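Reading the structure
Here is what each chain is made of, one letter per residue.
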Amino acid sequence: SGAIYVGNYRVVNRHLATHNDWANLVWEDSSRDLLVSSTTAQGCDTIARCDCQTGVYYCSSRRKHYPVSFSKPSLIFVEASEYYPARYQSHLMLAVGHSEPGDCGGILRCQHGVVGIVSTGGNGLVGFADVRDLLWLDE
Ligand SMILES: CSc1ccccc1CC(=O)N1C[C@H]2C[C@]1(CC(N)=O)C2
Ligand SMILES: [Zn+2]
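Calculation criteria
- Residues numbered from 1 in each chain as written, not as in the entry; some residues may be left out.
- Chains lettered and ligands numbered in written order.
- Heavy atoms only, no water.
- Domains from an automatic or database assignment.
- Buried area = accessible area lost by both parts, 1.4 Å probe.
- Salt bridge = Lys/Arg side-chain N within 4 Å of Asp/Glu carboxyl O.
- Helix = DSSP H or I, 4+ residues; strand = E, 2+ residues; numbered from the N terminus.
- Buried < 20%, exposed > 50% of the residue type's maximum accessible area, 1.4 Å probe, protein only.
- Donors = N, O, S within 2.8 Å, 3.2 Å for Na, K, Ca; no water.
- Tetrahedral: all angles 85-135°; square planar, octahedral: opposite > 155°, others 65-115°.
- Pairing = 2+ DSSP bridges.
- Near = heavy atom within 4 Å.
- Polar contact = N/O pair within 3.5 Å; in protein donor to acceptor, adjacent residues only side chain to side chain.
- Areas by Shrake-Rupley, 256 points an atom, 1.4 Å probe, with all protein chains shown as cover.
- Nonpolar A, V, L, I, M, F, W, Y, C, P; charged D, E, K, R; others polar.

If you check the header, you'll see the entry was determined by X-ray crystallography and the resolution is listed as 1.380 Å.

Below you can see the structure in the form of structure tokens.
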């Protein structure tokens, strides 16, 4: 679990969005596993606007942060799950690191701010949904 709180927006994994997220929907994209909802309180986070390919992410299943080198956002095949059919997930970045079911929502940050959130994993890999291209989050 986990979310990004920026301005009057809450960014979550689309498959973990609550009834309240859907009732306050701003934008969602099944191909990216992202959903953004509106909030009444001002958020605590800031978004990176950069091309960093190194950063640190929070891994809930280890209660620890790990440094990672990750690929640029791209279209990557993801096997079927209870949440989605087998498909290509867009704007996804991969890295070598631990991730298991429950780790989705962990934040990846670089020196500039929040880069994205955990969305995939397994076999010593961790995948992050990028948010750096969503410029409207800043206004
Ligand atoms: C950290 S998630 C994970 C890790 C190891 C093993 C299995 C998982 C679950 C997993 O792949 N999931 C759950 C939900 C998000 C999704 C992938 C996707 N973005 O389409 C569907
Ligand atoms: Zn950066």
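1. What about the domain arrangement of the protein?
Many structure descriptions define interface size as the accessible area lost when the parts assemble. On domain assignment, one finds that the protein holds domain 1 (3-44) and domain 2 (45-139). Summed over both sides, the interface between domain 1 and domain 2 buries roughly 1900 Å², with carbon and sulfur atoms accounting for 60% of that surface. Three residues stand out in domain 1 for area buried against domain 2, namely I4, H15 and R32, and they jointly supply 34% of the buried area on that side. Connecting domain 1 to domain 2 are 1 salt bridge. The residue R32 makes a salt bridge to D133 at a minimum N-O spacing of 2.7 Å. Contributions of two or more residues to the side of domain 1 that touches domain 2 are made by β1 (4-6), β2 (9-13), β3 (25-29) and β4 (34-38). For the side of domain 1 that touches domain 2, the element with the highest residue contribution is β2, accounting for 4 residues.

2. Considering the pattern of salt bridges
One pass over the structure, following the stated rule, counts 7 salt bridges. With a shortest N-O distance of 3.7 Å, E100 and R62 are connected by a salt bridge. Here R62 lies in the loop between β5 (54-59) and β6 (64-69) and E100 lies in the loop between β8 (87-96) and β9 (107-110), a separation of 38 residues in the sequence. Look at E100 and you get partly exposed, because its relative accessible area is 34%. Linking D130 and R132 is a salt bridge whose minimum nitrogen-to-oxygen distance equals 2.9 Å.

3. Quick word on the coordination of the zinc ion (ligand 2)
Surrounding the zinc ion (ligand 2) are the protein donor atoms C50 (SG), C52 (SG), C110 (SG) and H112 (ND1), which sit 2.1 to 2.3 Å from the metal. Given 4 donor atoms and angles of 103 to 116° at the metal, the environment of the zinc ion (ligand 2) is assigned as tetrahedral. The sequence pattern formed by the donor residues of the zinc ion (ligand 2) is C-x1-C-x57-C-x1-H. Given the relative accessible area of 12%, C110 is considered buried.

4. As for the pairing of β8
Strand direction decides the pairing type here: strand β7 (residues 74-78) and β8, joined by 4 bridges, are antiparallel. Following the sheet pairing, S74 is matched in β8 by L92. Bridge count between β8 and strand β11 (residues 125-130): 5 bridges; the pairing is antiparallel. Bridging across to β11, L92 finds its partner in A129.

5. Quick word on the site of ligand 1
Taken together, 17 residues sit near ligand 1, with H15, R87, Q89, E100 and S119 positioned nearest. A distance of 2.9 Å separates a nitrogen atom of ligand 1 from a polar side-chain atom of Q89. Measuring from a nitrogen atom of ligand 1, one finds a backbone N or O atom of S119 at 3.0 Å. Protein chains bury 83% of the 480 Å² of accessible surface belonging to ligand 1 in isolation. When contributions to the shell around ligand 1 are tallied by element, the ones reaching two or more residues are β8 and β10 (113-122). If you tally residues by element for the shell around ligand 1, the top one is β10, at 5 residues. Taken together, the residues of the shell around ligand 1 sort by class into 6 nonpolar, 8 polar and 3 charged.

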